[PDB]
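To begin, one chain is listed below as structure tokens, in the form deposited in one PDB entry.
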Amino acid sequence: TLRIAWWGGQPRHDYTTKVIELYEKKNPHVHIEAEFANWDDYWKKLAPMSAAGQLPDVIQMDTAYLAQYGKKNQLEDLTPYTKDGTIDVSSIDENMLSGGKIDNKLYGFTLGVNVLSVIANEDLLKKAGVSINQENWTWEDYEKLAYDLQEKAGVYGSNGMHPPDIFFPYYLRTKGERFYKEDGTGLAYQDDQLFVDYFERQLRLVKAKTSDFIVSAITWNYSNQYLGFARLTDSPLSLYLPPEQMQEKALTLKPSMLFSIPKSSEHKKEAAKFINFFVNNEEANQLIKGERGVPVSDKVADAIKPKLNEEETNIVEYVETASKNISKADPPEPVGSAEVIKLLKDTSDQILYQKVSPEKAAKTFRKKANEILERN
């Protein structure tokens, strides 16, 4: 047998089960045993197995945990299986895969990509008499919009860019900088005024009447999350490119999730054959239909687009457009990023809700973050 595991909701469980049944029909000698759970319970399951050396042969993995599990050669490098043909990448661009690489080894194979977006309620934009020119609106343009939306529609401008470990790095990209060094040993940006300018704008918005409720004309999220909001909201919603991405190509092709193979598996070829099937089989992807993010193969993408309805189509058309003006994905979050993230959240509300000056909070943050990461 081959063991396979993932997290998600019940719709995902249902079609993933159907994908596995299809695989077994086409591969009778391979039985698959599935385990699955919501996000929280899933890591609860996988964490003890990781160190006990008994993970499933195919592991659904998240970028924020890839570096941790890839410790001490615990994950199998997938790069050679892309080279011997086990995993076909002839229709998968490199730019879909780099969010799963650490030190030039592919510890996770990306199953789908997401792109940050400003998701807007069209009825509430109209009500306030405002609109978004997504191709080149600026951060100043966004702040105006949030103010205008409140005083002319009584609705929040936005949920707010939460959390800060996602949208401060986005801000940095809009200014041509980066949060993590690619090698994960420290923060890349060195100019504390980037930090100051980010959290001063957060101050202005949070202390304003203009500050989830999207079912708030505006919500900040990854593109995949639009499906939930668009199905929930009777108003029409649209994905817009976020402010000031054009100049430095601030958006990236973020792995929604990845498949990995643990080095302890005794079924690596069969595991990799399943991953190849998952990302390249047209029939399987008529069942997945983009729910795990935009498919990485342009052949699979072409194959499912006719079947997608309005909301799913909006996502694919958003990602396809954004993807022509992107920068290189971040590597998986480095070990100790959990501490950095907690430090950033704690520093955020010392700024927003205590009177901690952003200039003081800035150097102080950068200080301790670099000491966390310095351990590599």
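Position 1 is the first residue in the sequence shown; the rest follow in order.
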Practice problem: Scan the PDB entry between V215 and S216 and report the missing deposited residues as one of none, 1 to 3, 4 to 9, 10 or more. | Solution: 1 to 3
Quiz item: How many residues that are in the deposited sequence but not in the model lie between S211 and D212: none, 1 to 3, 4 to 9, or 10 or more?
Solution: 10 or more
Quiz prompt | Between the two ranges 130-138 and 184-192, the one averaging a larger CA B factor in the entry | solution = 130-138
Quiz item: For the C-alpha atoms alone, is the average B factor greater in 290-298 or in 199-207, going by the entry?
Solution: 199-207
Quiz item: From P236, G108, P169, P80, which pick has the Cα B-factor that tops the rest in the entry?
Solution: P236
Quiz item: Which has the highest CA B-factor per the PDB entry: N281, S90, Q150, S260?
Solution: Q150
Exercise. Determine, from the deposited record, the chain-internal third of the Cα B-factor for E76: lowest, middle or highest.
Key: middle
Practice problem: Select lowest, middle or highest to describe the third in which the CA B-factor of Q354 falls within its chain in this entry. | Solution: highest
Practice problem: Going by the recorded CA B-factors, say which third of the chain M49 sits in, lowest, middle or highest. | Solution: highest
Quiz item: According to the PDB entry, is the CA B factor of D103 in the bottom, middle or top third of its chain, that is, lowest, middle or highest?
Solution: highest
Quiz item: If you rank every modelled residue in this chain by C-alpha B factor, which third holds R173: lowest, middle or highest?
Solution: lowest
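Heads up, the form deposited in another entry isn't pictured, but that's what we're talking about next.
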Quiz item: If the chain splits into two rigid parts between the shown form and the other one, do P80 and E266 fall in the same one?
Solution: yes
Quiz prompt | Sense of CA distance change between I92 and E135 in the other form, threshold 3 Å | solution = farther
Exercise. Can you tell whether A322 sits closer to or farther from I92 in the other form than it does here, judged by CA atoms, where the change is 3 Å or more?
Key: farther
